[PDB]
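Spelled out, the chains give:
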Amino acid sequence: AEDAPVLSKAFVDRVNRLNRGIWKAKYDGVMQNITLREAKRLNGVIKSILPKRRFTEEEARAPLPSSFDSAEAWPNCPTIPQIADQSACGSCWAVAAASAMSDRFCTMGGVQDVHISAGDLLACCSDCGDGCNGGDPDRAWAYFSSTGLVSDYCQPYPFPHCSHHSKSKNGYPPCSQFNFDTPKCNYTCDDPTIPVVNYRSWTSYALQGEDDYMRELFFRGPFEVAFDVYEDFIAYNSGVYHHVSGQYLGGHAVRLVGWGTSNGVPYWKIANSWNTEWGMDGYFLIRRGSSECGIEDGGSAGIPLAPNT
Ligand SMILES: *[C@@H]1O[C@H](CO)[C@@H](O[C@@H]2O[C@H](CO)[C@@H](O[C@@H]3O[C@H](CO)[C@@H](O)[C@H](O)[C@@H]3O)[C@H](O)[C@H]2NC(C)=O)[C@H](O)[C@H]1NC(C)=O
Ligand SMILES: *[C@@H]1O[C@H](CO)[C@@H](O[C@@H]2O[C@H](CO)[C@@H](O)[C@H](O)[C@H]2NC(C)=O)[C@H](O)[C@H]1NC(C)=O
């Protein structure tokens with residue numbers, strides 16, 4: 001809506017009084033100068049058709065640890081620690097997917113280092129949404145089993161690393177000066193002399209509640225989730241997030257990768273779609289069990305299909 005910057009010095013102070021110190025907020029962080037309208041732009045979740053995940057007896061009964069990190073469970077996969085950046089778009093719905101989809105061709109797909117093309121997804125799946133104006137994860141994963149996608153090497157993500165800092169700590173260009181539209185849907189690699197390879201999943205499903213999450217994450221690896229972004233989330237720096245003050249900004253899609261506790265506080269470790277500069281090095285930690293901002297209300301995942309025989 002407005003061009004009014006979202007972060008106040010007073011706003012933040014308030015927030016830091018109400019969180020009890022549980023999680024640090026920052027007013028002069030990487031996000032102070034950010035526009036109200038620029039913020040809602042990053043929240044790409046708009047609008048289950050997916051079968052709910054049924055756990056086998058064997059899975060259902062397994063004693064899940066108090067702490068679990070996906071990058072540790074599968075040390076041999078480089079796609080897990082890698083943080084994504086959706087630039088200046090509502091790509092989160094798509095980015096968050098390809099991310100988990102890349103991660104899952106490992107944990108399950110038998111291919112180690114394959115970055116699924118979030119751009120390809122973002123531009124060709126039409127029932128998913130309006131592209132860079134909002135999307136629906138459930139369908140993202142459906143199109144992965146339905147149509148299938150291409151590697152990042154074939155069809156790279158078209159928007160550059162964008163920073164919300166006048167002077168970036170990694171020297172990216174500022175976000176303020178970007179306004180991206182849904183790219184064109186292409187059917188050959190951006191370099192036509194690169195053969196087009198198609199990666200589909202052979203099934204997709206949906207997750208709900210605290211336990212489905214851990215249990216599915218444990219066996220199959222990171223997947224896609226969404227939650228409500230309030231103004232306080234923007235000023236997130238560290239510690240375990242939970243909503244205390246702020247206007248609604250929209251549903252935002254992220255990638256789940258772990259869980260633990262911090263001083264008696266159960267949390268989810270989540271990989272974000274905004275830089276390595278934001279939060280805990282692109283990461284952030286929300287509150288497990290509350291279902292904070294609805295983060296446990298709906299998940300999305302699938303099993304990738306190993307290429308060839
Ligand atoms: C599908 O392939 C086409 C191949 O060009 C891609 O469209 C092009 O995307 C590039 C990179 O985002 C755009 O570059 C921009 O060009 C303008 C000049 O018009 C400039 O202002 C920017 O600084 C930037 O260099 C380009 O405009 C755009 N061209 C067309 C015809 O759409 C598209 O991104 C590919 N889509 C996917 C999903 O891979
Ligand atoms: C937000 O904007 C402020 C000021 O509008 C920026 O602070 C200035 O940074 C410039 C370099 O870009 C310095 O020369 C000045 O020392 C600062 N001036 C003032 C008045 O603060 C700041 O870079 C921006 N903040 C972030 C986090 O990007």
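Located above this text is the structure these notes cover.
Residues numbered from 1 in each chain as written, not as in the entry; some residues may be left out. Chains lettered and ligands numbered in written order. Heavy atoms only, no water.

Undergrad: Mind showing me how you'd approach the overall build of the chain here?
TA: The number of helices and strands found in the chain is 9 helices and 11 strands. Its C-alpha atoms give the chain a radius of gyration of 19 Å, near enough to 19 Å, the size a compact globule of 309 residues would have. C-alpha extents for the chain along the principal axes are approximately 60 × 50 × 35 Å. Taking all 309 residues of the chain together, 56% fall into the buried category. Each charge class in the chain can be summarised by its mean position, and for the 26 positive and 35 negative side chains these summaries are 5 Å apart. (Helix = DSSP H or I, 4+ residues; strand = E, 2+ residues; numbered from the N terminus. Rg over C-alpha atoms; globule rule 2.2 N^0.38 Å. Buried < 20%, exposed > 50% of the residue type's maximum accessible area, 1.4 Å probe, protein only. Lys, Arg positive; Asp, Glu negative; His and termini not counted. Charge placed at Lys NZ, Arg CZ, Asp CG, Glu CD.)

Undergrad: Would you take a moment to explain the site of ligand 1 for this structure?
TA: Near ligand 1, the surroundings consist of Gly119, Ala123, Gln155, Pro158, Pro183, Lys184, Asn186 and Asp190. Here an oxygen atom of ligand 1 sits 3.2 Å away from a polar atom, N or O, in the main chain of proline 158. In this structure, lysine 184 approaches ligand 1 through a main-chain N or O atom, which is 2.8 Å from a nitrogen atom. By residue class, the composition of the shell around ligand 1 is 3 nonpolar, 3 polar and 2 charged. (Near = heavy atom within 4 Å. Polar contact = N/O pair within 3.5 Å; in protein donor to acceptor, adjacent residues only side chain to side chain. Nonpolar A, V, L, I, M, F, W, Y, C, P; charged D, E, K, R; others polar.)

Undergrad: Help me understand the side chain of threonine 79, please; the structure alone is not making it clear to me.
TA: Mapped onto the secondary structure, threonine 79 falls in the loop between α4 (70–73) and α5 (92–107). Filtering out sequence-adjacent residues up to four positions away, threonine 79 remains in contact with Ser102, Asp103, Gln112, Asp113, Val114, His115 and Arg255. (Contact = heavy atoms within 4.5 Å.)

Undergrad: Would you mind showing me how to read helix α1 (residues 9–18) here?
TA: The set of residues buried in α1 consists of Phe11, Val12 and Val15. Take α1 and look down its axis: the buried residues cluster within an arc of 95 degrees, on one side only. Exposed residues on α1 whose side chains face more than 90 degrees from its buried face are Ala10 and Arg17. Tucked into the core, α1 has its buried residues touching β1 (23–25) and α9 (231–234). Of the residues flanking the end of α1, it is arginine 20, one or two places downstream, whose phi is positive at about 70 degrees. (Arc of directions from axis to C-beta.)

Undergrad: Even after reading the chapter, I still don't get the environment of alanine 98, so can you show me in this structure?
TA: On the secondary structure map, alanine 98 appears in helix α5. Residue classification places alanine 98 among the buried residues on the basis of a relative accessible area of 3%. For the pair formed by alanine 98 and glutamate 224, sequence separation is 126 residues and the distance between their alpha carbons is 9.3 Å. Discounting chain neighbours no more than four positions away, the residues touching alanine 98 are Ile116, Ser117 and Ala118.

Undergrad: Could you clarify how one ought to interpret the state of the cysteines in this entry?
TA: Enumeration over the complete set of coordinates arrives at 6 disulfides. Sulfur-sulfur distance for the disulfide between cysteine 162 and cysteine 175 comes to 2.1 Å. With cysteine 162 in the loop between α7 (137–146) and β5 (201–207) and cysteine 175 in the loop between α7 and β5, the pair connects residues that are 13 residues apart, well separated along the chain. Taken as a pair, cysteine 162 and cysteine 175 share a single burial class, namely buried. In the chain, the bonded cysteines, taken in the order they occur along the sequence, pair up as 1-3, 2-7, 4-11, 5-6, 8-12, 9-10. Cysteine 92 takes part in no disulfide bond, and the closest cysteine sulfur, belonging to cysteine 132, lies 9.8 Å away. A relative accessible area of 0% means that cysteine 92 is categorised as buried. Lacking any disulfide linkage, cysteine 293 is separated from the closest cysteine sulfur, that of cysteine 92, by 14 Å. (Disulfide = S-S within 2.5 Å.)

Undergrad: What am I meant to see in unusual backbone geometry here?
TA: Across the chain, the bulk of peptide bonds are trans and the bulk of non-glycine residues have phi less than zero. Positive phi, close to 70 degrees, is recorded for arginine 20, a residue that is not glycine. Locating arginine 20 in the fold gives a position in the loop between α1 and β1. Classification of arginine 20 as exposed rests on a relative accessible area of 78%.

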